[PDB]
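Novice: Here is my input; please provide its structure:
(2 chains)
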Amino acid sequence: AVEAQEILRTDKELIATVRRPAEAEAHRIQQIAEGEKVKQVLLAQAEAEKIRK
Amino acid sequence: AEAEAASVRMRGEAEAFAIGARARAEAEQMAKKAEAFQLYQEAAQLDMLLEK
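Specialist: Numbering: from 1, shown residues only, chains lettered A, B, ... in the order given. Provided below are the atomic coordinates:
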């Protein structure tokens, strides 16, 4: 029974330790990727119209 | 970029107009050169040859 309670505790600990940080990291990566994509698109548009003019 | 393009456009247009100005001046200039050269006899051609 000691080890069964330890199983439950380590399940919850692994959740709080790696499962949620993984989701937070995924959200951070996709947010930063969105920012970088918008920045690159705007810079490319600026360069293109520079070349056109 | 727009400012640079306007700068290039205006400077190029000005220098092209200046080229046209010297063009007209040089044409009206050379017309009289030809007119003057028309009145050259053998003495004048001899002078040119002995100067060159």
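
Novice: if I look at residue B:19, how far off is residue B:12?
Specialist: Applying Cβ to Cβ, to the nearest Å, the value for residue B:19 to residue B:12 is 10 Å. Heads up, the C-betas are built off the backbone N, CA and C, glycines and all.

Novice: most centrally placed residue in chain B?
Specialist: Geometric centre of chain B, nearest residue: residue B:26, 2.7 Å, by Cα atoms, centre = their mean.

Novice: I'd like to know which elements the host helix or strand of that residue is packed against.
Specialist: Following DSSP states H and E, one finds residue B:26 within helix B:2-38. Judged by 3 or more Cβ pairs under 8 Å, 6 or more residues apart in numbering or on different chains; DSSP states H and E, helix B:2-38 is in contact with no other helix or strand.

Novice: That helix: how far from the chain's middle?
Specialist: Relative to the chain's own centre, helix B:2-38 is displaced by 8 Å; criterion: Cα atoms, centre = their mean, to the nearest Å.
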